[PDB]
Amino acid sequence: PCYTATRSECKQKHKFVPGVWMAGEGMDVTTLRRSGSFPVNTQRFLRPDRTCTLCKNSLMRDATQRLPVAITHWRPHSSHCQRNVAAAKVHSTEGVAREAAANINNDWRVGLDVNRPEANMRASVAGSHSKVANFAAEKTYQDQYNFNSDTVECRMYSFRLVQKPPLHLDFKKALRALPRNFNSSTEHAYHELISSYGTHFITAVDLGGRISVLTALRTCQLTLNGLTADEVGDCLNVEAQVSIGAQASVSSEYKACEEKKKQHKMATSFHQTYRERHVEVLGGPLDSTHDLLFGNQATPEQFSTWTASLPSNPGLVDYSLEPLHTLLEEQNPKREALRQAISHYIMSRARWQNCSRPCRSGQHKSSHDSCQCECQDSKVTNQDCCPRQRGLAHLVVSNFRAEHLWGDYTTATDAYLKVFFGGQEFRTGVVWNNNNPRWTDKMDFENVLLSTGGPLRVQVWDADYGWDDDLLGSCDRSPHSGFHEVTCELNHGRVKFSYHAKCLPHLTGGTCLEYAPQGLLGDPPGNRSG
């Protein structure tokens, strides 16, 4: 809808097409954040012969708007934005970076060395240091998380740069103040140009609006409450669709969510219950930029208002990135130096999987692969090493010894012990003719319910050859988490023993009922490495 205007039409006061100055801006591919600096100058509006290009904007009541000479393919889209919440299930930080980087339409890698064999294990390069990836990494370090993404997109405009755009004088000067090649000493001079003008520059754009909400769900806390990561995730998507008006309070999907809300005795909605969210809002006024899917003021009316603001205040939805060196001429030797510099900057900032690092607290590396983490109790715990129910613990009863022990008939004691817990029974060997017997038994009760139990029963028996053995005494104890020393007083003497009841990973408290986060062993991630 753009046309070549006459010298008179060009003299007229007209605003530029919305968000046009976004094209040509530099961007750091590792963070997916605009550099603030412009290696390309798109400011020129009037052609050498004093004529220009003007566009009729159908999204702004056919307003006559100015188009810079460096901009081509200006195309406005529909004002109608389909109320559709795009849901995604992400399982790692690598996936979050991938979902963030999915907004780059082209191959940003072209002409760059973005391939080390040891530093390429499940490596995130684009969006590795993006705000959303850093959010997913911080969560990953704290506890075992599963991520749910809910997205709404409206495309308002699309435009691109010219094949040979005019370079900025500030950029041309910065290129001169650079050394001839990328040795190991010039590393700082080049990294200053990269940190200022970005690794790439935006060559094409799709402007409009985007609401992107990443919800972090503690995978093991969910399993204890009888919910799955996919169950809660699907419920959030439905709640987001209600807030934007995609579906009303009367639908098959929303009925299932209201059923699960009552079934699991929830006071408020899934979004009011699971508040560990990262929110990205692009487009609309900065004065009214907030969560429209899971916000407290999030109404279908509030979504329409935002949608209406998009034509005049558009944000960067998706784009095409080209490396900085592509701006320099092929004859110039500083191009190959910058190409190598960008390659080095991007690569040093990569985030990969170091199989040398220890597994998440409560896991261990298998003998088969150094990159494979195994659960401690495969029987009771499901996948992702989450305990199936509250109260599960590893009970080991040992250090069995009795002092000055005898019964109602004789001082000649032929003692042995019967130990009971959770339907399981263990028996020691007989210590013939001894008032102070000591047993070497280490009773592994494996995985038991510390809450249900019932009691940890220790029966002291006296072995009688032909006749029925006589019970010297019996005692009960309600086991608690940790190492405990027990002393049971009998009619003659006492029986002593100890037990360590270790809560399964993700469980804490006296009877292993409470939920506990399982963090990664080491220091928190905040810098470039694997």
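The first residue of the shown sequence is 1; numbering continues from there.
In the deposited sequence, the stretch from residue 115 to residue 116 hides 1 to 3 residues that have no coordinates. In this entry, 172-180 shows the higher mean Cα temperature factor of the pair 205-213 and 172-180. Note on 323-331 vs 381-389: mean CA B-factor is higher in 381-389. Per the deposited record, 289 carries the highest C-alpha B-factor of all listed residues (289, 151, 305, 313). Across the residues 372, 128, 92, 410, the deposited record lists the maximum Cα B factor for 372. When the CA B factors of the chain's modelled residues are split into thirds, the value for residue 426 lands in the middle one.
When the CA B factors of the chain's modelled residues are split into thirds, the value for residue 10 lands in the middle one. Residue 368 sits in the highest third of its chain by CA B factor, as recorded in the PDB entry. Among the modelled residues of its chain, residue 245 has a C-alpha B-factor that falls in the highest third according to the deposited record. In the deposited entry, the Cα temperature factor of residue 454 places it in the highest third of its chain's modelled residues.
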